[PDB]
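Here the structure comes first, spelled out in structure tokens, and everything after it is commentary.
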Amino acid sequence: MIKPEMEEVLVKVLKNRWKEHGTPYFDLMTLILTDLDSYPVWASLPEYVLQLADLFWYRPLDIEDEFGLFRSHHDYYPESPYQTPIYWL
Amino acid sequence: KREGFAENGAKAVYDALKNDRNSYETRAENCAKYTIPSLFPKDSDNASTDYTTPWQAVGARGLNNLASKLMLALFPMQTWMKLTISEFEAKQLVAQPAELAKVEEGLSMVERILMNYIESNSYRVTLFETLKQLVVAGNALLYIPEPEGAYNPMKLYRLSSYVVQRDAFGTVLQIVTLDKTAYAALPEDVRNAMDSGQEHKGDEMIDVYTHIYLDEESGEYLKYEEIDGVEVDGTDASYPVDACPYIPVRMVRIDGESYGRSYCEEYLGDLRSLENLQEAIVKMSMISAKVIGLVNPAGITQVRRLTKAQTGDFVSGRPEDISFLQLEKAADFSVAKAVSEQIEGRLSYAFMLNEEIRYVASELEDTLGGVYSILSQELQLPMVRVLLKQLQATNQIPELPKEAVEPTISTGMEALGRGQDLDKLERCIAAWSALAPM
């Protein structure tokens, strides 16, 4: 029911690149990348969710450090097709 | 000029104590090799050797599972601590409900500030890493920084980077850390301090030594830092024995030792045997020179055409009705598989990959309750003490009466009526309704 407002928030986050703990909206963005209740966003605005995942997952140069990934990675620990929005995107 | 333990310099104490550490290091290396080698890599010839991937996955999976459960007893999202009021002081304060209200509003908001500081500084991450180190090497060291900026997570040390010395009661007498960073990366005054001697290259790594040692004319530990046998000016500090910011931790307690032991030391023979059997099964598959199969529906499709001497002819059939015996045909396969099942039974029980009283509490409460309580002593209590003193020194929390207000950990079990209503029911409905078809 609030697609224009959600889009405005996502545009602002991608413009300012607020990808770090303590910056604005960081908690809600984390949920959009991790939580199944976020599926109306995944259905309504997928082109923005892909850009958000690109911003939040990759860290340019444990084996995570060699792949170039952030150590909050155990949010996905029991690895499964339902851990990420990709199956619905 | 220094006095006491510091008389000969931090590097001298490090090189002197290093001799005793080699056995504990060797044990940690052997435990890492059969679980996850990047937890304690110590091979030199990595141009020629890898962080060698085992065929058995059991060690890595068991280590991760155990660390997760220990990080559910320790440091959960629910309230695991209590700022108590001493009963003699409570007996004074209770004379007016207003005094208790003013004290306990302070205690409520300070306790919420402690859980805030734990989560807002993401201590959960480094504490999970620490539990991995404790399971594989038995030993770890943590440091809590003085606050600067907006965000302040801890620093974690592996056994190969520090030394520690203890009395017969386990009391820490002194600690030294060895730290490294390149010349050009160090602070400006530090870079100016090394004008004499050799001409440093910009990327030349400098060995810095931190020495912490106990005082006698004061109830304090003393700190300084050292390069090339000379003190780094301005790095000196002092701390009372009740609130030092350095915390060395042991998995299993022993008297008369600087160090603890790891859990999986008892099971290294099993892991080393399981790998041996799996490698044999691979080679047993590779060498085979004949293939055997079966057609399932009672022979209704006529295979005699294959017994005739013609290569260009085909049986009517499907992948739905044909199978092959590519491992199971081999003679020694079944017994190698059976022994592997016995070894995995012991390992899976050990890593917890499993009359009206429930007996699972023997492991889930009594077995874990020991290491849970010992980490309450040697890890949780020093951390909350340092945190309280730091928050007070940085004016974040009030200077509530020192004789009355005292910390405590409430190890045990959390409330359950909320838990089923949220996790068993509504989180399940959310997942189920999200997963429904298009």
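Keeping their order, the protein sequence lines are chains B and F.
According to the entry's author numbering, the first sequence holds residues 696 to 756, 767 to 794 in order.
According to the entry's author numbering, the second sequence holds residues 6 to 359, 372 to 455 in order.
Even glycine gets a Cβ: it sits at the ideal position worked out from N, Cα and C.
(message) Rounded to whole angstroms, what is the Cα-Cα separation between residue 419(F) and residue 229(F)?
(response) In the second sequence, residue 419(F) corresponds to position 402, counting from 1. In the second sequence, residue 229(F) corresponds to position 224, counting from 1. Distance between the alpha carbons of residue 419(F) and residue 229(F): 29 Å.
(message) Here's a check: name, in chain order, each residue in its chain whose Cβ is nearer than 6 Å to the Cβ of residue 252(F), leaving out the five neighbours to either side.
(response) Along the second sequence, read from residue 1 onward, the residue named residue 252(F) stands at position 247. Take residue 252(F), set aside five residues on each side of it, and the residues of its chain with a beta-carbon closer than 6 Å to its own are 147, 399, in chain order.
(message) Using only the alpha-carbon positions, how far apart do residue 176(F) and residue 258(F) sit?
(response) As a first step, residue 176(F) is located in the second sequence; it is residue number 171 there, counting from the start. As a first step, residue 258(F) is located in the second sequence; it is residue number 253 there, counting from the start. Approximately 12 Å, taken between the alpha carbons.
(message) Which residue marks the beginning of the beta strand (DSSP E) containing residue 405(F), and which one marks its end?
(response) Along the second sequence, one-based indexing puts residue 405(F) at 388. Note, residue 405(F): premise wrong, no beta strand (DSSP E); alpha helix (DSSP H) at 398 to 410.
(message) When you compare the CB positions of residue 16(F) and residue 34(F), do they come within less than 8 Å of one another, or not?
(response) The residue you call residue 16(F) lines up with position 11 of the second sequence. The residue you call residue 34(F) lines up with position 29 of the second sequence. Their beta carbons are not under 8 Å apart, which means residue 16(F) does not touch residue 34(F) by this criterion.
(request) Compare the C-alpha of residue 125(F) against each of 292(F), 137(F), 88(F), 82(F) and name the closest. (result) Numbered from its first residue, the second sequence carries residue 125(F) at position 120. Comparing alpha-carbon positions, the option among 292(F), 137(F), 88(F), 82(F) lying closest to residue 125(F) turns out to be 82(F).
(message) Any beta carbon from chain B within less than 8 Å of residue 140(F)'s own beta carbon?
(response) Position 135 of the second sequence, counted from the first residue, corresponds to residue 140(F). With 8 Å as the cut-off, residue 140(F) does not count as an interface residue toward chain B.
(request) Using the Cα positions of residue 200(F) and residue 208(F), report the straight-line distance between them to the nearest angstrom. (result) What you label residue 200(F) is simply residue 195 of the second sequence in a count that begins at 1. What you label residue 208(F) is simply residue 203 of the second sequence in a count that begins at 1. When rounded, the distance between both Cα atoms is 16 Å.
(request) Have a look at residue 97(F) and residue 404(F) and give me their C-alpha separation to the nearest angstrom. (result) The residue labelled residue 97(F) in the question sits at position 92 within the second sequence. The residue labelled residue 404(F) in the question sits at position 387 within the second sequence. Distance between the alpha carbons of residue 97(F) and residue 404(F) is about 28 Å.
(message) Would the region 444 to 454 of chain F count as touching the region 116 to 134 of chain F if we require 3 or more Cβ pairs under 8 Å?
(response) Verdict: no, contact absent.
(request) Indicate whether at least one CB of chain B lies closer than 8 Å to the CB of residue 451(F). (result) Reading the second sequence from its first residue, position 434 is the one you call residue 451(F). At least one chain B Cβ lies under 8 Å of residue 451(F).
(request) Whole angstroms is fine: what's the gap from residue 6(F)'s alpha carbon to residue 249(F)'s? (result) Walking along the second sequence from the start, residue 6(F) turns up at place 1. Walking along the second sequence from the start, residue 249(F) turns up at place 244. So the two alpha carbons sit approximately 24 Å from each other.
(message) Can you check whether the C-beta of residue 781(B) is within less than 8 Å of a C-beta belonging to chain F?
(response) Along the first sequence, one-based indexing puts residue 781(B) at 76. No, its Cβ sits nowhere closer than 8 Å to a Cβ of chain F.
(request) Establish whether the CB of residue 727(B) and some CB of chain F are separated by less than 8 Å. (result) Numbered from 1 along the first sequence, position 32 holds the residue referred to as residue 727(B). Not one chain F Cβ lies under 8 Å of residue 727(B).
(message) Quick check on this structure: which residue in 327(F), 294(F), 293(F), 455(F) has the alpha carbon closest to the alpha carbon of residue 303(F)?
(response) Here residue 303(F) refers to the residue found at position 298 of the second sequence. Minimum Cα distance to residue 303(F) is reached at 327(F).
(request) Confirm, please, whether the CB-CB distance from residue 296(F) to residue 308(F) is below 8 Å. (result) Along the second sequence, read from residue 1 onward, the residue named residue 308(F) stands at position 303. Along the second sequence, read from residue 1 onward, the residue named residue 296(F) stands at position 291. Taking 8 Å as the Cβ cut-off, residue 308(F) and residue 296(F) do not qualify as a contacting pair.
(message) At the level of alpha carbons, what is the spacing between residue 61(F) and residue 217(F)?
(response) As a working mapping, residue 61(F) is identified with position 56 in the second sequence. As a working mapping, residue 217(F) is identified with position 212 in the second sequence. Looking at the two C-alpha atoms, the distance is approximately 42 Å.
(message) Considering only DSSP beta bridges, list what residue 184(F) is partnered with.
(response) Start at 1 with the first residue of the second sequence, and residue 184(F) comes out as number 179. 213(F).
(request) State buried or exposed for residue 38(F), treating a residue as buried only when at least 16 other CB atoms are found within 10 Å of its CB. (result) Start at 1 with the first residue of the second sequence, and residue 38(F) comes out as number 33. So residue 38(F) counts as buried.
(message) Can you tell me whether residue 255(F) is buried or exposed? The criterion is at least 16 other CB atoms within 10 Å of its CB, across all chains shown.
(response) To locate residue 255(F), count along the second sequence from 1; it is residue 250. Counting of Cβ neighbours within 10 angstroms places residue 255(F) among the buried residues, the total reaching 16 or more.
(request) Rounded to whole angstroms, what's the CA-CA distance from residue 747(B) to residue 100(F)? Just pull it up for me. (result) Walking along the first sequence from the start, residue 747(B) turns up at place 52. Walking along the second sequence from the start, residue 100(F) turns up at place 95. Whole-angstrom Cα-Cα distance: 58 Å.
(request) Taking only the alpha-carbon atoms, compute the straight-line gap between residue 114(F) and residue 424(F) and give it to the nearest angstrom. (result) In the second sequence, counting from the first residue as 1, residue 114(F) sits at position 109. In the second sequence, counting from the first residue as 1, residue 424(F) sits at position 407. Between residue 114(F) and residue 424(F), the C-alpha separation is close to 14 Å.
(message) List, in chain order, every chain B residue whose beta-carbon is nearer than 9 Å to that of residue 127(F).
(response) Residue mapping note: residue 127(F) aligns to position 122 of the second sequence, counting from 1. Near residue 127(F) (Cβ distances below 9 Å), the residues of chain B are 716, 777.
(message) Using CA atoms only, rank isn't needed, just tell me which of 314(F), 205(F), 214(F), 85(F) is closest to residue 185(F).
(response) Position 180 of the second sequence holds residue 185(F). For the residues 314(F), 205(F), 214(F), 85(F), the minimum Cα distance to residue 185(F) belongs to 214(F).
(request) Go through its chain and collect everything with a Cβ distance to residue 371(F)'s Cβ below 7 Å, but skip five positions before and after it. (result) There are no atomic positions for residue 371(F) here, as chain F continues from 359 directly to 372.
(request) Please name the residue in 341(F), 454(F), 291(F), 320(F) whose C-alpha comes closest to that of residue 281(F). (result) In the second sequence, the residue the question calls residue 281(F) occupies position 276. Closest by alpha carbon: 341(F).
(message) Using the Cβ count rule (16 or more neighbours within 10 Å means buried), how would you classify residue 32(F)?
(response) Reading the second sequence from its first residue, position 27 is the one you call residue 32(F). Buried is the call here.
(message) Is residue 356(F) close to chain B? Criterion is C-beta to C-beta, closer than 8 Å.
(response) Stepping through the second sequence from its first residue, residue 356(F) is reached at position 351. It does not; no Cβ of chain B falls within 8 Å.
(request) Write down the C-beta distance between residue 750(B) and residue 701(B) rounded to the nearest angstrom, noting that I regard them as a contact closer than 8 Å. (result) To locate residue 750(B), count along the first sequence from 1; it is residue 55. To locate residue 701(B), count along the first sequence from 1; it is residue 6. Rounded, the Cβ-Cβ distance is 16 Å, inconsistent with contact.
(message) Please identify the residue among 736(B), 776(B), 726(B) whose C-alpha is closest to the C-alpha of residue 127(F).
(response) Within the second sequence, residue 127(F) is the residue found at index 122, counting from 1. If we check each option's Cα against that of residue 127(F), 776(B) comes out closest.
(request) Along the beta strand (DSSP E) that carries residue 145(F), what are the first and last residues, could you check? (result) As a working mapping, residue 145(F) is identified with position 140 in the second sequence. Counting along the chain, the beta strand (DSSP E) containing residue 145(F) begins and ends at 144 to 148.
(request) Show which residues of chain B have a CB atom less than 9 Å away from the CB atom of residue 133(F). (result) Here residue 133(F) is taken as the residue at index 128 of the second sequence, counted from 1. For residue 133(F), the chain B residues whose C-beta falls within less than 9 Å of its own C-beta are 779, listed in chain order.
(request) Please confirm if residue 166(F) has its CB atom under 8 Å from at least one CB of chain B. (result) Residue mapping note: residue 166(F) aligns to position 161 of the second sequence, counting from 1. No - not a single Cβ of chain B is within 8 Å of the one on residue 166(F).
(request) Closer than 7 Å by beta-carbon distance: list the chain B residues that pair up with residue 156(F), in chain order. (result) Stepping through the second sequence from its first residue, residue 156(F) is reached at position 151. Contact note: residue 156(F) reaches chain B through 716, 717, using a C-beta cutoff of 7 Å and chain order.
(request) Kindly provide the ranges of any beta strand (DSSP E) runs that are 3 or more residues long and lie completely inside the region 278 to 340 of chain F, ordered along the chain. (result) 298 to 300, 327 to 329
(message) residue 67(F) and residue 356(F) - do their beta-carbons sit closer together than 8 Å?
(response) Indexing the second sequence from 1 puts residue 356(F) at position 351. Indexing the second sequence from 1 puts residue 67(F) at position 62. Yes, they are a contact pair.
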